[PDB]
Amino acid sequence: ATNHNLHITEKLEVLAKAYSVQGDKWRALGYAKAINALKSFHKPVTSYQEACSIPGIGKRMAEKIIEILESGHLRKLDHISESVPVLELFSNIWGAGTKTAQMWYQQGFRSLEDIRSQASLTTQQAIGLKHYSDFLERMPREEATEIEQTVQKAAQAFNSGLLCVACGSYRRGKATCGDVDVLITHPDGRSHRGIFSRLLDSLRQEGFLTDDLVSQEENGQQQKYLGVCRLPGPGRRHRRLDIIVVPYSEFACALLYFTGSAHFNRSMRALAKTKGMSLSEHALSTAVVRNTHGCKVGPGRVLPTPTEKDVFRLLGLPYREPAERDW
């Protein structure tokens, strides 16, 4: 759906990113929601009244929208800190957010070279830095597919009945992907256990995993690995690879969560809430039990969901294909 408000959304995106790299996460979020509404409007917004009719756009946002529409410029951009470009440069490093970016800037650092030379780095950030270029580029989905295949092959060597699926933008059908999330489980509900570790050993021993960002993360019965891989062959770049092993009873919700997008997941939690339910990568549950003070005193009951559609059904929603989950 062509954007009939590009000259607007463009300027709005610049201001958004600026708030984002400076810590104003919520304000940046608000902008993002309005920016999406605009991109997909059935016509170029021509009035402040029209703008306000679109959910996600309030008085403040309409003000700016109409200013750009009529004047062609956004005065606020003219007051955006000189630091923004550098804060964005530094935050492009995996492991460094706004606080770290700000710290570096205040220490006089300006280039990725200053960072490499005089900045204190965490293990993750150091890895993020030497793979700056590689990590900044989105890979063709074909490469994501080879990466998924590499993991699945090494995994089925331990148990042929294991189920492996690449999620993220890749599962949403995007031509290119920023990383790869391989979700693994087993239909028998139990044989996924004792797979995670030896799967990582195997992949390391075959030279596929080049660096670890988080070797192991335990979230309930989910085991997650955040790392870096590089397919065999010359000319291959290093890529962000995540591996998640979950028990079959949480497969659908894990699938839903890791497929995203982040905006989709957020809209689904909001909906679940209105129905008195909660949604996580673990399950769809009835809302938690809380005392008079309004505080969790007892967990909700998990509502079984064998497949993704079971999740939509219980939320009273029509199923949406992965391809239609950008928002």
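Here the rigid core means the biggest group of C-alpha atoms that line up within 1.5 Å when the two forms are laid on top of each other. Numbers follow the displayed sequence, beginning with 1.
For this session: Taking the root mean square of C-alpha distances over all structures and residues in 4 other deposited structures of this protein, with a rigid core superposition, name the larger of 75-83 and 143-151.
Result: Looking at 75-83 versus 143-151 in 4 other deposited structures of this protein, the farther one turns out to be 75-83.
Problem set entry | Larger mean CA deviation from the shown form in 4 other deposited structures of this protein [core fit; 216-224 vs 165-173] | More C-alpha displacement in 4 other deposited structures of this protein shows up in 216-224.
For this session: Using only the Cα atoms and their B-factors as the entry lists them, report which of 242-250 and 114-122 averages higher.
Result: Averaging CA B-factors over each stretch, the winner is 114-122.
Exercise. Which has the higher mean CA temperature factor in the PDB entry, 82-90 or 226-234?
Worked result: For C-alpha atoms only, the mean B-factor is higher in 82-90.
Problem set entry | Per the PDB entry, maximal CA B factor within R269, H282, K275, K33 | The record points to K33.
Exercise. With respect to the C-alpha temperature factors reported in the PDB entry, which of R193, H131, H73, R141 ranks highest?
Worked result: Of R193, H131, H73, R141, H73 has the highest C-alpha B-factor.
For this session: Comparing against every modelled residue in the chain, figure out the third that the C-alpha B-factor of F109 lands in (lowest, middle or highest).
Result: For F109, whose C-alpha B-factor we compare with every modelled residue in the chain, the answer is the highest third.
Exercise. What third of its chain's C-alpha B-factors does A62 belong to: lowest, middle or highest?
Worked result: Answer is middle: the recorded C-alpha B-factor places it there.
Problem set entry | Chain-wide C-alpha B factor ranking for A287, given as lowest, middle or highest third | Its C-alpha B-factor, which the entry lists for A287, ranks in the highest third among residues of this chain.
Problem set entry | Relative C-alpha B-factor of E137, binned into the chain's lowest, middle or highest third | Highest third - that is where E137 ends up once the chain's C-alpha B-factors are sorted.
For this session: Please place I54 in the lowest, middle or highest third of its chain by C-alpha B factor as given in the entry.
Result: Highest third of the chain for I54's C-alpha B-factor.
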